[PDB]
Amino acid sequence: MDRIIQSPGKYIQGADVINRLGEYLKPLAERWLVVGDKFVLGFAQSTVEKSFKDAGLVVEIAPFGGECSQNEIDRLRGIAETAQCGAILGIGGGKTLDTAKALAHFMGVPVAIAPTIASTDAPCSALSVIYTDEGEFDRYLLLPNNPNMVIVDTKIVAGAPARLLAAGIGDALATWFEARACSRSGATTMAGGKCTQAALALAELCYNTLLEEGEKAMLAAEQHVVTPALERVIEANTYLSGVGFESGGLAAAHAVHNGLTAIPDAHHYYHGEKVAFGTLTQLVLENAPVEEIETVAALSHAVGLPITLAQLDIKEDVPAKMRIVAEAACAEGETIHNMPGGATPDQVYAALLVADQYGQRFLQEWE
């Protein structure tokens, strides 16, 4: 099979980089649609407009409905054709960014993505998740290519709630272990081939960056300031983790995340916070060595990620609920089948309970 790696065309990261959006985006189009929800436009709209003006570009700002629905994409398509936009610039969190990527696809124009948080590794990916106007799952829209540009303002991200950075860390912490599993098993990545040497290097670089920089970065995030450690974790949460997961492979950790949403208890927890426990479950499933499990559990704990089912508010019908999680994780077409032996629901069920036990014993020892 072919070895494939895909990447956004340009990834840019720096403090106060929105001031420089105009010069960065000019080579792609002269007239831009700028999609942002009201909260994000609150602090950035002044700066976006100034940057485009000084650069000689025309901007047409369109406040974002808040949900990534086919209706909202169609709605913005109208405004954009009316204002004769040559590209879309999405700015904000995950759903606002997915909307920009889907819109720019249907219109056949380039897209720029400016995350205002580093809480998932979705931004750089060639994937948009579409919902109905009212918020239920609808379809996956796999896109022909990754965002043309990704611009991350590290000062904006430092301003966000620290819990969102740690959720991002939890998301990126799975990257290495799922890419490694797909390499061991010969699985196909979401880029359509086997692992390049490049993708595995970026996946492992992700994990080591979190080990070396996570706690230092959280200190900065809690103070809402920018230090070089925060810079590195943002790159790891965003570019490394994005290319890592998409061109390196997904496996049990994310299948387990999907299983955890198939029950209501953990609705109030972020994507990356569920993956955190998914990674620990995968380590039990593949029987990672004790030193590796402890390292992942310690790092997760150090940044506030859950390492037990109770810390995801799953406290009541635990056997019954884990049986649902396990069946969901092993559903047809789920990525847990990329694990080396494959995985049966009985096996995933076992890992779920054991990972939970392991986390409980860890919390009572380390404090």
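Residue indices: 1-based, along the sequence shown.
Taking the mean C-alpha B-factor of each stretch as recorded, 126-134 and 113-121 are not equal, and the higher mean is that of 126-134.
Look at the mean CA B-factor for 33-41 and for 323-331 in the entry; the higher one is 33-41. Looking at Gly86, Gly242, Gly192, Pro228, the one whose CA carries the top B-factor in the deposited record is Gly86.
Within the listed group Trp176, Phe277, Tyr270, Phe106, the record reports its top CA B-factor for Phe106. Per-chain ranking of the deposited C-alpha B factor places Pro306 in the lowest third. Split the chain's modelled residues into thirds by C-alpha temperature factor. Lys216 is in the middle one. In the PDB entry, a CA B factor belonging to the highest third of its chain's modelled residues is recorded for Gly94. In this PDB entry, the Cα temperature factor of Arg77 sits in the top third of its chain's modelled residues, the highest group.
Annotation for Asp265: CA B-factor lies in the highest third of the chain's modelled residues.
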